[PDB]
Amino acid sequence: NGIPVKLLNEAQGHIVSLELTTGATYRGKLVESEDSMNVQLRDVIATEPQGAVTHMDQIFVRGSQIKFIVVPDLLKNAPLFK
Amino acid sequence: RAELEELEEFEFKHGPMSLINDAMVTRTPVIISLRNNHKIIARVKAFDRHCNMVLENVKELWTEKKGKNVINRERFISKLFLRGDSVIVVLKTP
Amino acid sequence: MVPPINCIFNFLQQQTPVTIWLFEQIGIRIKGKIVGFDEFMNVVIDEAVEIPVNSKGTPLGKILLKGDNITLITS
Amino acid sequence: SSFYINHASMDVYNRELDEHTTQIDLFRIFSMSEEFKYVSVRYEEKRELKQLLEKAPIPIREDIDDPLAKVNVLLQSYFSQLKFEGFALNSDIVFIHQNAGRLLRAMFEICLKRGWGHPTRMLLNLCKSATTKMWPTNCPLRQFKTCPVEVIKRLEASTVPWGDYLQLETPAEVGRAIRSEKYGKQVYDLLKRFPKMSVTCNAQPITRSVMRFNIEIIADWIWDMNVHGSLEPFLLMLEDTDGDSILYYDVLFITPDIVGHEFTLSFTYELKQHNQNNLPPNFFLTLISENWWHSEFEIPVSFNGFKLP
Amino acid sequence: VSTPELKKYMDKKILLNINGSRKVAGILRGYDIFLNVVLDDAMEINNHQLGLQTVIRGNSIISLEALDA
Amino acid sequence: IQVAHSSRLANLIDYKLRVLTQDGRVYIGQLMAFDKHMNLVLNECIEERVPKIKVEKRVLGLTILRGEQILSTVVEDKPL
Amino acid sequence: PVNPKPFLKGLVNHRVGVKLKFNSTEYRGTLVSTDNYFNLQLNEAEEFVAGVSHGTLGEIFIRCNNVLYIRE
Amino acid sequence: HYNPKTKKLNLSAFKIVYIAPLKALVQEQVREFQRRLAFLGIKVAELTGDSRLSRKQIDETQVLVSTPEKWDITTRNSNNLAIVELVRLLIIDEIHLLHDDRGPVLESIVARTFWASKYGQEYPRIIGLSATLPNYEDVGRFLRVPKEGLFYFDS
Amino acid sequence: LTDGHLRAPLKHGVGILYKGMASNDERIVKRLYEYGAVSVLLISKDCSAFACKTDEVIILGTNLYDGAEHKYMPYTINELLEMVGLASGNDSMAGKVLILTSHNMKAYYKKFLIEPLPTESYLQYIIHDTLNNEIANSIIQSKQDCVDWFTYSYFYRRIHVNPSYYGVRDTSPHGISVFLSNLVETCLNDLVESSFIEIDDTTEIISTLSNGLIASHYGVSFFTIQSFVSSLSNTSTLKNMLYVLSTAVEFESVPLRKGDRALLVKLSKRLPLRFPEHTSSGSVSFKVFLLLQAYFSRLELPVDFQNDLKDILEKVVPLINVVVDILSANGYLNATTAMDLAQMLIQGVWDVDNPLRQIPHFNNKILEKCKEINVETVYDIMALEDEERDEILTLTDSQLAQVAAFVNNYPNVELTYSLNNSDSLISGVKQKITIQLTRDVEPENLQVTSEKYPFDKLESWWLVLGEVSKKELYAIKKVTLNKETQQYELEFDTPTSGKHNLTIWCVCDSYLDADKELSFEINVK
Amino acid sequence: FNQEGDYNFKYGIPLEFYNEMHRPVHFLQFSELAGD
Amino acid sequence: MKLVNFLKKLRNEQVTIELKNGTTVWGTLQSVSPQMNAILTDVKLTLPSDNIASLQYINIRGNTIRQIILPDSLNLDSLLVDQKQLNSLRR
RNA sequence: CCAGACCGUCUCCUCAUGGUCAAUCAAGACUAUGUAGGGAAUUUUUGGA
């Protein structure tokens with residue numbers, strides 16, 4: 001199976017930032033991870049390219065339209081590789 | 001295993017790919033369109049399931065005109081591999 | 001709870017009014033009645049009428065709308 | 001002409017090769033080849049040589065001071081895959097490597113031409129070894145690129161006839177028999193990718209002197225363009241009851257199209273006078289692979305009550 | 001194949017942001033693996049109502065904030 | 001720029017790669033993981049913008065990239 | 001009662017009016033045949049660029065991904 | 001063979017041979033050749049000879065850098081006489097090898113080139129390179145060289 | 001300039017010669033040799049029959065590539081003999097022959113050309129067919145008659161002197177006899193597995209069934225018959241039938257040369273049907289399958305393949321007959337398909353494609369002018385007059401004549417039956433039904449006309465009776481309609497009780513689109 | 001070797017007492033490098 | 001069957017692959033997979049010849065490729081019809 | 001030295017195929033076979049420029 005998916009799964013309960021097709025950059029906690037990269041967040045800030053920033057309670061994101069998903073520096077070598 | 005795709009071998013010649021197949025068989029010029037204001041003219045040689053075609057004597061007509069104007073630039077290409085997503089309409093001319 | 005596969009069946013049964021939305025242009029939106037049963041989102045819509053909705057009277061015939069280009073269904 | 005053999009070398013080959021020349025003698029003959037006239041034993045080479053010639057598999061009629069003996073041992077080393085520290089020896093061995101397979105091949109060809117049976121099979125084997133760098137007693141699983149190291153060692157150390165493995169059918173069984181349940185399937189796959197010929201041959205006399213030989217050559221193995229290559233040359237030798245002299249020979253190419261079909265092969269042979277008069281119990285038809293080790297399938301061409309007209 | 005966990009979001013009003021600057025809103029009634037969200041409300045943006053229930057396609061639903069957490 | 005005659009994605013793992021996206025924003029980052037869709041996990045993502053002249057910079061992410069919108073991955077400079 | 005693909009089948013050897021997504025051009029002609037992935041093949045094809053025609057083409061073939069709808 | 005206007009290289013028409021005595025030397029030369037003739041798009045490979053019937057790899061190649069013995073071997077066999085007709089350029093590096101027992105091979109090769117290829121009969125260009133030595137006239141005679149082709153240069 | 005490849009070689013004193021040329025060209029070539037103009041002539045192996053009187057015979061390559069065994073088989077000595085073969089015409093008291101050879105085949109040819117050819121039997125191979133045929137004649141009704149037959153043959157008088165060739169170690173009046181008996185038994189016991197013959201104790205009786213008899217009639221081998229049996233079953237398709245036809249031992253003498261497989265593969269793009277998945281590509285069967293379709297659709301074959309096609313056509317008419325009549329024997333209504341196939345073979349056109357292409361020398365340019373007058377069937381061409389015909393066809397005279405001939409001997413036939421008792425219909429009784437056929441014109445001779453089938457054929461018919469939904473044939477008969485109007489009596493077993501919507505056909509074996517039919521109902525008790 | 005064990009048999013040419021096939025142990029020993 | 005099987009065979013040859021966006025890239029093809037993930041050893045570039053920002057090594061994603069021209073002007077076509085038949089040796 | 005032009009020297013991923021292991025009341029990681037497929041139309045590689 002895919003290693004990135006595994007990594008994502010491992011990072012359940014971490015502060016993960018995001019970026020979509022339109023460019024809306026988020027930053028909050030990670031609730032759940034799946035085979036198809038479906039992410040749900042808690043206490044999620046919204047800092048869009050348009051400028052009108054907002055602070056949201058929850059948000060669920062469709063996987064296909066994501067550009068990239070951020071993860072912190074802690075899970076770099078272990079325990080997912082070997 | 002074998003029959004489940006080998007039956008799909010004759011699906012070209014009946015459905016909408018029939019015309020193109022015919023063209024390929026008896027090479028004739030066809031008008032090929034694209035997404036970003038393109039017009040291409042060439043003759044058919046090889047064919048597959050998903051319109052990933054190979055041609056000869058390929059004339060390209062498009063525009064790099066920062067408006068408002070029209071500039072029909074021209075150049076000869078041969079034996080291309082046009083990925084089948086970009087092809088919209090193809091047709092056999094007499 | 002209403003699954004979307006049984007939803008199609010329901011639609012087929014009742015024959016309800018619809019206002020279908022498109023991808024490319026926001027203004028022009030279709031109106032009619034869905035008929036067909038299909039494994040894809042491809043469904044046939046008898047008495048289609050493309051109306052320009054605000055960000056008016058433009059008539060149209062009968063459509064089978066493509067599976068990729070259906071933005072909304074209502075019933 | 002073909003092999004660029006010097007005239008002197010050719011001459012040497014002519015006399016020193018014989019009808020009854022054996023494995024030990026072949027090496028000697030090779031050593032004698034005039035392309036090793038400029039070779040000589042040295043003092044810094046000597047300890048290594050001494051070490052070798054104790055544990056050498058092919059014995060030495062000559063001794064350490066002679067260069068021929070040294071050459072022979074180098075050849076053996078090469079066959080067995082022995083890279084060296086003392087590179088004088090290694091330099092010598094490089095030369096051998098570049099030209100051994102040549103010379104050996106030439107010798108084999110000569111033998112074939114002559115029509116001698118004791119040398120030709122042994123010579124063929126030698127040639128094969130030269131080509132792929134291993135012994136008969138090292139299993140032919142070594143020449144596969146994909147077969148592992150652990151397995152090969154196990155195979156070597158188990159003390160079993162090679163053909164037995166080939167015969168074995170089930171992958172599980174194969175796995176069990178290797179002392180390694182892992183890779184059994186792989187081994188099985190590669191055993192079907194090793195040549196296996198269900199050969200038959202019916203002889204029949206056309207007249208008194210001439211003898212027709214209807215051969216039925218089936219090929220059970222499955223092809224691979226990586227491992228096998230373009231085609232499979234299989235040198236057919238019809239040889240006498242003893243295996244003393246060759247009657248008739250021919251190189252046949254088994255292509256990818258043949259492997260599995262009931263492929264027939266016909267040929268003719270005129271007999272000797274004495275032979276014609278009183279005839280043997282059976283000749284031996286022998287198909288051997290020029291590349292594949294321990295294929296060497298040989299069968300009895302029957303002559304029980306074959307009364308000539 | 002793997003079911004998106006939208007059982008958490010059942011019976012809670014959602015403020016969607018679908019593709020192409022369209023902010024639709026509606027309560028969740030049913031879900032699926034394709035993400036064709038069967039929701040029971042649709043009011044466009046200011047605000048005006050254009051029909052009650054709306055079944056949406058999977059491809060054109062990107063961001064969906066839950067109003068009730 | 002030093003980058004050898006490398007065969008495949010497996011042989012070029014753990015290298016500093018430029019990555020290019022659909023809209024034209026340029027990235028850089030060390031390629032950590034592999035996948036079916038080339039969802040290449042970058043070790044440190046410095047995204048760059050070019051407006052529709054000159055290239056800008058950012059530093060928000062150390063990311064799991066998604067395959068859909070990637071154009072082509074270019075190698076920058078080997079580690080160690 | 002009337003499903004999608006049966007409708008399509010019915011509409012063979014009959015007029016069709018096809019629309020595209022990008023470069024929205026009305027294609028008009030008589031239908032020939034279709035496959036399981038919903039590609040099209042028309043006869044006596046006319047390329048109406050928003051009402052006005054570019055030229056009478058004849059026997060043509062259209063890919064499914066660009067197509068929006070199928071009408072009379 | 002290759003045209004000045006049309007920049008498509010005529011690959012199948014010409015073939016070239018370079019006879020350098022030592023294998024290391026040959027290897028060295030090959031690299032140099034590659035360096036100085038990469039703009040045209042030429043394959044310069046030393047003779048991976050191996051088998052006689054297998055040697056169609058050489059026919060497809062344009063420039064060859066052979067060792068003398070190897071070259072001889074190549075040219076001696078039956079179904080590799082199609083190469084010698086296509087070989088228009090035969091370069092002999094270090095013709096002073098003649099005095100050593102190897103250079104008999106070179107002589108043999110030369111003889112073959114002249115005498116054997118008579119049914120096609122179109123004699124290739126023969127260029128001898130060598131260290132400065134006397135009896136140059138004799139050498140010229142051997143190689144069918146007039147006062148034009150002979151270039152004696154001292155130390 | 002036909003073919004153009006003969007020009008450039010022949011222009012510099014070296015002629016070309018191969019099988020299946022335009023006859024005129026061949027004649028010209030011959031003349032050029034005889035006259036003393038062309039010095040050298042290059043000749044193929046198949047044209048050893050064309051004995052051009054030469055002086056110095058060169059024989060280049062004694063190893064012919066054939067795709068049966070996928071290898072270079074050597075020149076059989078007969079061929080060599082035929083080639084030399086040609087005594088010295090110009091130079092008196094002389095004879096020169098160059099034979100270019102292998103070392104392995106030197107002792108083979110150096111002996112058997114200078115010394116006589118030892119003649120031996122190959123009966124031991126083909127005994128199955130021959131024996132079956134004998135049985136069918138009914139001179140053999142036991143396991144001693146066969147022996148007797150053998151004794152009157154070359155096998156038995158060759159096995160005495162050279163017993164070891166055939167596999168006899170005893171070499172005595174008894175042992176040999178025993179061996180013969182064993183052989184006979186073996187031959188029999190492969191026949192009994194199939195539906196050939198039956199043996200029962202009372203010296204002991206032997207007699208044929210339906211399968212053996214047909215084989216005997218058509219001269220087809222045992223193996224082929226067996227193959228046909230194993231594949232052909234109820235509700236089989238036309239493609240399947242074709243495949244079956246292709247798979248036979250009759251096509252061992254159709255040479256697949258070097259670079260033929262590739263050609264075949266290339267061709268396969270431009271054919272209607274495709275080959276089955278679980279057979280071989282390099283074998284002759286595949287070739288046969290390809291080349292049969294290569295003249296149903298009037299394709300542009302190379303002159304190598306023409307010969308092959310001809311060879312195939314030499315063989316097929318029996319085979320196709322067998323195919324049609326094995327299915328009849330078995331009792332299935334896919335016989336119609338077989339019949340159709342046979343018709344196509346006879347002519348060279350498909351059933352659905354076009355009836356108008358059937359007529360000798362028709363092409364797609366003229367077929368537009370034939371469709372102008374709403375001509376669907378071939379019977380509409382019989383009612384036409386000369387003026388319209390002229391307008392239609394603007395070709396040479398011979399072709400026109402041929403067309404006319406075709407029109408004439410192709411009869412407009414009517415289908416009328418007369419049952420014995422429509423009221424008294426009993427189940428499982430041999431109910432005879434007299435069918436009274438008719439022709440438009442009484443034939444002078446029954447000669448079939450076709451361009452793409454060169455060999456001549458006499459016209460026949462097939463009367464049929466079978467239910468369409470079940471696909472179970474009840475009554476069949478082949479007839480040679482030489483009179484204008486006749487009657488024929490199908491003695492058939494009636495079906496089970498209740499209603500049965502029966503349908504008669506009147507399918508011709510040669511001409512397509514002559515499938516006259518007449519459906520009717522009967523209620524059996 | 002087994003003094004009362006079953007073996008399959010075949011027609012062929014018999015090898016030398018000290019032929020390579022009978023001496024595999026020696027070969028193995030040789031392979032296990034002598035001059036380390 | 002497919003024409004990606006045509007590209008599978010061509011190892012170590014040149015192309016100037018026109019992409020969806022529009023760029024000319026002189027490079028060696030190497031092994032072309034069934035998803036068309038081509039791997040170029042050497043690369044030229046033209047960012048949105050014009051303004052050159054060319055690096056050497058690239059691994060292309062198959063979705064981007066519009067027009068591939070040209071390693072070899074050759075026409076060797078089908079492979080799978082050969083293998084399907086010859087493997088049917090014994091039942 | 002010796003086989004090579006009538007001829008696929010070389011594969012990134014999922015599934016199945018049989019042998020193994022790491023194991024819990026019926027499920028995952030690895031060599032190998034290509035005999036399977038890759039517009040599973042929407043979570044990616046075949047169309048939102």
# chains A, B, ... in the order shown; residues from 1 in each chain; ligands from 1
$ interface_residues --of "chain G" --to "chain L" --cutoff "8 Å" --atoms "only C-alpha atoms (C1' of nucleotides)" --output "list in words"
residues 22, 37, 65 and 66 of chain G
$ interface_residues --of "chain L" --to "chain A" --cutoff "10 Å" --atoms "only C-alpha atoms (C1' of nucleotides)" --output "JSON, numbers by chain"
{"L": [13, 14, 42, 43, 44]}
$ closest_atom_pairs --of "chain D" --to "chain L" --cutoff "7 Å" --atoms "only C-alpha atoms (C1' of nucleotides)" --output "CSV"
residue,atom,partner,partner_atom,distance
D:3,CA,L:1,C1',4.8
D:102,CA,L:1,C1',4.1
D:171,CA,L:19,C1',6.8
D:172,CA,L:19,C1',5.8
D:181,CA,L:20,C1',6.4
D:182,CA,L:20,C1',5.5
D:183,CA,L:31,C1',6.4
D:184,CA,L:19,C1',6.5
D:185,CA,L:19,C1',5.8
D:186,CA,L:32,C1',4.9
D:225,CA,L:9,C1',6.7
D:226,CA,L:9,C1',5.8
D:230,CA,L:3,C1',7.0
D:231,CA,L:3,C1',7.0
$ select_by_dssp --residues "chain C" --states "helix (DSSP H, G or I)" --output "number ranges by chain"
C: 4-14
$ write_last_selection --atoms "C-alpha atoms" --output "short mmCIF file (atom, residue, chain, number, x, y, z; two decimals), in the first residue's frame"
data_model
loop_
_atom_site.label_atom_id
_atom_site.label_comp_id
_atom_site.auth_asym_id
_atom_site.auth_seq_id
_atom_site.Cartn_x
_atom_site.Cartn_y
_atom_site.Cartn_z
CA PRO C 4 -27.99 7.95 -3.49
CA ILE C 5 -28.36 4.63 -5.41
CA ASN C 6 -31.95 4.14 -4.07
CA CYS C 7 -32.48 7.86 -4.66
CA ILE C 8 -32.36 7.17 -8.40
CA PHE C 9 -35.11 4.57 -7.99
CA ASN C 10 -37.21 7.05 -6.03
CA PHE C 11 -36.74 9.65 -8.76
CA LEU C 12 -37.80 7.12 -11.39
CA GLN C 13 -40.90 6.27 -9.37
CA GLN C 14 -42.21 9.75 -8.40
#
$ interface_residues --of "chain J" --to "chain D" --cutoff "8 Å" --atoms "only C-alpha atoms" --output "count of residues only"
16
$ interface_residues --of "chain G" --to "chain C" --cutoff "12 Å" --atoms "only C-alpha atoms" --output "PyMOL selection string"
chain G and resi 1-8+11+16-24+36-39+64-72
$ closest_atom_pairs --of "chain K" --to "chain F" --cutoff "8 Å" --atoms "only C-alpha atoms" --output "CSV"
residue,atom,partner,partner_atom,distance
K:39,CA,F:8,CA,7.5
K:41,CA,F:5,CA,6.3
K:55,CA,F:74,CA,7.3
K:56,CA,F:3,CA,7.5
K:57,CA,F:74,CA,5.9
K:58,CA,F:74,CA,4.7
K:59,CA,F:73,CA,5.4
K:60,CA,F:72,CA,4.5
K:61,CA,F:72,CA,5.6
K:63,CA,F:71,CA,7.8
K:64,CA,F:71,CA,6.1
$ residues_around --residues "residue 5 (chain E)" --least-positions-apart "5" --cutoff "10 Å" --atoms "only C-alpha atoms (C1' of nucleotides)" --output "ChimeraX atom specification"
/A:32-34,38-40,60 /E:10,31-33
$ select_by_dssp --residues "region 146-279 of chain D" --states "strand (DSSP E or B)" --output "JSON, numbers by chain"
{"D": [200, 201, 202, 203, 204, 205, 210, 211, 212, 213, 214, 215, 216, 217, 232, 233, 234, 235, 236, 237, 238, 239, 245, 246, 247, 248, 249, 250, 251, 252, 253, 254, 263, 264, 265, 266, 267, 268, 269, 270]}
$ write_last_selection --atoms "C-alpha atoms" --output "PDB file, in the first residue's frame"
ATOM      1  CA  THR D 200      12.706 -40.431 -28.571  1.00  0.00           C
ATOM      2  CA  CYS D 201      14.364 -41.916 -31.687  1.00  0.00           C
ATOM      3  CA  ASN D 202      13.316 -44.690 -34.087  1.00  0.00           C
ATOM      4  CA  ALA D 203      16.055 -45.865 -36.460  1.00  0.00           C
ATOM      5  CA  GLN D 204      15.228 -47.761 -39.670  1.00  0.00           C
ATOM      6  CA  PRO D 205      17.386 -49.196 -42.524  1.00  0.00           C
ATOM      7  CA  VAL D 210      22.485 -46.739 -45.470  1.00  0.00           C
ATOM      8  CA  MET D 211      20.523 -46.298 -42.214  1.00  0.00           C
ATOM      9  CA  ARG D 212      17.741 -43.722 -41.647  1.00  0.00           C
ATOM     10  CA  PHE D 213      17.196 -42.254 -38.165  1.00  0.00           C
ATOM     11  CA  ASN D 214      13.760 -40.774 -37.397  1.00  0.00           C
ATOM     12  CA  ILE D 215      14.267 -38.689 -34.231  1.00  0.00           C
ATOM     13  CA  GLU D 216      11.352 -37.317 -32.180  1.00  0.00           C
ATOM     14  CA  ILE D 217      12.623 -34.278 -30.236  1.00  0.00           C
ATOM     15  CA  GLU D 232      18.855 -22.670 -28.173  1.00  0.00           C
ATOM     16  CA  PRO D 233      21.621 -24.528 -30.085  1.00  0.00           C
ATOM     17  CA  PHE D 234      21.545 -28.260 -29.194  1.00  0.00           C
ATOM     18  CA  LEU D 235      24.409 -30.285 -30.692  1.00  0.00           C
ATOM     19  CA  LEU D 236      23.140 -33.729 -31.734  1.00  0.00           C
ATOM     20  CA  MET D 237      25.744 -36.527 -31.727  1.00  0.00           C
ATOM     21  CA  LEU D 238      24.980 -40.041 -32.952  1.00  0.00           C
ATOM     22  CA  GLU D 239      27.772 -42.117 -31.369  1.00  0.00           C
ATOM     23  CA  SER D 245      33.711 -42.787 -31.939  1.00  0.00           C
ATOM     24  CA  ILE D 246      31.100 -40.441 -33.438  1.00  0.00           C
ATOM     25  CA  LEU D 247      29.014 -41.768 -36.342  1.00  0.00           C
ATOM     26  CA  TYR D 248      27.266 -38.532 -37.367  1.00  0.00           C
ATOM     27  CA  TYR D 249      26.700 -35.076 -35.821  1.00  0.00           C
ATOM     28  CA  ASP D 250      24.577 -31.949 -36.377  1.00  0.00           C
ATOM     29  CA  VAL D 251      23.916 -28.605 -34.649  1.00  0.00           C
ATOM     30  CA  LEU D 252      20.166 -27.887 -34.416  1.00  0.00           C
ATOM     31  CA  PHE D 253      18.581 -24.590 -33.326  1.00  0.00           C
ATOM     32  CA  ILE D 254      15.575 -24.887 -31.003  1.00  0.00           C
ATOM     33  CA  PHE D 263       9.316 -31.790 -33.580  1.00  0.00           C
ATOM     34  CA  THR D 264      10.728 -34.569 -35.796  1.00  0.00           C
ATOM     35  CA  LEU D 265      14.306 -34.671 -37.140  1.00  0.00           C
ATOM     36  CA  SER D 266      15.491 -37.057 -39.890  1.00  0.00           C
ATOM     37  CA  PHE D 267      18.993 -38.052 -41.028  1.00  0.00           C
ATOM     38  CA  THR D 268      20.943 -40.830 -42.780  1.00  0.00           C
ATOM     39  CA  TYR D 269      24.147 -42.770 -41.999  1.00  0.00           C
ATOM     40  CA  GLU D 270      26.219 -45.209 -44.099  1.00  0.00           C
TER      41      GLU D 270
END
$ residues_around --residues "region 165-168 of chain D" --least-positions-apart "4" --cutoff "8 Å" --atoms "only C-alpha atoms (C1' of nucleotides)" --output "list in words"
residues 161, 173, 174, 191, 192 and 196 of chain D
$ write_last_selection --atoms "C-alpha atoms" --output "JSON list (two decimals), in the first residue's frame"
[["chain", "number", "residue", "atom", "x", "y", "z"],
["D", 161, "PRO", "CA", 21.59, -36.01, -8.73],
["D", 173, "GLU", "CA", 7.80, -30.30, -2.64],
["D", 174, "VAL", "CA", 10.65, -28.45, -4.35],
["D", 191, "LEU", "CA", 13.20, -25.39, -13.29],
["D", 192, "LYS", "CA", 10.49, -25.14, -16.00],
["D", 196, "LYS", "CA", 13.98, -30.58, -20.45]]
$ residues_around --residues "region 339-344 of chain I" --least-positions-apart "3" --cutoff "8 Å" --atoms "only C-alpha atoms (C1' of nucleotides)" --output "PyMOL selection string"
chain I and resi 238+296+317+320-321+324+335-336+347-351+507-512
$ write_last_selection --atoms "N, CA, C and O atoms" --output "short mmCIF file (atom, residue, chain, number, x, y, z; two decimals), in the first residue's frame"
data_model
loop_
_atom_site.label_atom_id
_atom_site.label_comp_id
_atom_site.auth_asym_id
_atom_site.auth_seq_id
_atom_site.Cartn_x
_atom_site.Cartn_y
_atom_site.Cartn_z
N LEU I 238 -20.59 -20.15 -37.61
CA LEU I 238 -19.92 -20.20 -38.92
C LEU I 238 -18.42 -20.12 -38.76
O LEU I 238 -17.68 -20.87 -39.42
N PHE I 296 -13.15 -14.42 -49.88
CA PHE I 296 -14.55 -14.07 -49.60
C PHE I 296 -14.67 -12.55 -49.74
O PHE I 296 -15.51 -12.04 -50.48
N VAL I 317 -13.46 -28.60 -51.04
CA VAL I 317 -14.83 -28.93 -51.46
C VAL I 317 -15.31 -30.24 -50.84
O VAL I 317 -16.43 -30.30 -50.34
N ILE I 320 -15.59 -29.39 -46.97
CA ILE I 320 -16.79 -28.60 -46.67
C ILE I 320 -18.03 -29.46 -46.75
O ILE I 320 -18.90 -29.32 -45.88
N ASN I 321 -18.08 -30.35 -47.74
CA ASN I 321 -19.18 -31.29 -47.90
C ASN I 321 -19.34 -32.15 -46.64
O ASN I 321 -20.45 -32.34 -46.12
N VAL I 324 -20.72 -30.21 -43.79
CA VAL I 324 -22.16 -29.98 -43.90
C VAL I 324 -22.92 -31.26 -43.56
O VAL I 324 -23.92 -31.22 -42.86
N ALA I 335 -26.64 -26.94 -39.92
CA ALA I 335 -26.36 -27.37 -41.27
C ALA I 335 -26.60 -26.29 -42.28
O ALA I 335 -25.85 -26.26 -43.26
N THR I 336 -27.56 -25.40 -42.03
CA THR I 336 -27.84 -24.27 -42.91
C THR I 336 -26.59 -23.40 -43.06
O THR I 336 -26.22 -23.01 -44.19
N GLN I 347 -18.31 -20.00 -54.68
CA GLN I 347 -18.29 -18.68 -55.33
C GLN I 347 -17.12 -17.73 -54.95
O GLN I 347 -16.26 -17.41 -55.80
N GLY I 348 -17.13 -17.25 -53.71
CA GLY I 348 -16.13 -16.31 -53.19
C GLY I 348 -16.71 -14.99 -52.69
O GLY I 348 -16.15 -13.93 -52.98
N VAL I 349 -17.81 -15.06 -51.93
CA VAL I 349 -18.48 -13.88 -51.35
C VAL I 349 -19.26 -14.28 -50.10
O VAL I 349 -19.67 -15.43 -49.97
N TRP I 350 -19.47 -13.32 -49.20
CA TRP I 350 -20.24 -13.56 -47.97
C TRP I 350 -21.75 -13.58 -48.24
O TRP I 350 -22.22 -13.16 -49.30
N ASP I 351 -22.50 -14.07 -47.25
CA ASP I 351 -23.97 -14.17 -47.34
C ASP I 351 -24.70 -12.83 -47.11
O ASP I 351 -25.67 -12.53 -47.81
N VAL I 507 -31.67 -25.24 -50.43
CA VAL I 507 -30.36 -24.59 -50.53
C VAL I 507 -29.49 -25.28 -51.58
O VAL I 507 -29.36 -26.51 -51.58
N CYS I 508 -28.92 -24.48 -52.48
CA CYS I 508 -27.95 -24.96 -53.47
C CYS I 508 -26.58 -25.05 -52.81
O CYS I 508 -26.27 -24.29 -51.90
N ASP I 509 -25.75 -25.99 -53.28
CA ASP I 509 -24.38 -26.14 -52.77
C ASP I 509 -23.39 -25.13 -53.36
O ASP I 509 -22.34 -24.87 -52.77
N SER I 510 -23.74 -24.56 -54.53
CA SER I 510 -22.87 -23.65 -55.26
C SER I 510 -23.29 -22.18 -55.11
O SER I 510 -22.56 -21.38 -54.53
N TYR I 511 -24.47 -21.85 -55.63
CA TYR I 511 -24.90 -20.46 -55.78
C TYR I 511 -25.57 -19.90 -54.53
O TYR I 511 -26.47 -20.53 -53.97
N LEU I 512 -25.14 -18.71 -54.11
CA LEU I 512 -25.73 -18.00 -52.96
C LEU I 512 -27.08 -17.38 -53.32
O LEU I 512 -27.39 -17.19 -54.50
#
$ residues_around --residues "region 36-43 of chain B" --least-positions-apart "3" --cutoff "6 Å" --atoms "only C-alpha atoms (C1' of nucleotides)" --output "PyMOL selection string"
chain B and resi 27-33+55-62
$ residues_around --residues "residue 21 (chain A)" --least-positions-apart "3" --cutoff "8 Å" --atoms "only C-alpha atoms (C1' of nucleotides)" --output "list in words"
residues 24, 65, 66 and 67 of chain A
$ atom_distance --atom1 "CA of residue 58 (chain E)" --atom2 "CA of residue 1 (chain C)"
17.8 Å
$ closest_atom_pairs --of "chain H" --to "chain L" --cutoff "10 Å" --atoms "only C-alpha atoms (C1' of nucleotides)" --output "CSV"
residue,atom,partner,partner_atom,distance
H:49,CA,L:1,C1',9.4
H:50,CA,L:1,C1',7.1
H:51,CA,L:2,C1',5.2
H:52,CA,L:2,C1',7.4
H:53,CA,L:4,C1',6.6
H:54,CA,L:4,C1',4.4
H:55,CA,L:4,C1',7.0
H:56,CA,L:4,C1',6.5
H:57,CA,L:4,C1',8.0
H:73,CA,L:1,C1',9.0
$ atom_distance --atom1 "CA of residue 27 (chain K)" --atom2 "CA of residue 43 (chain K)"
5.2 Å
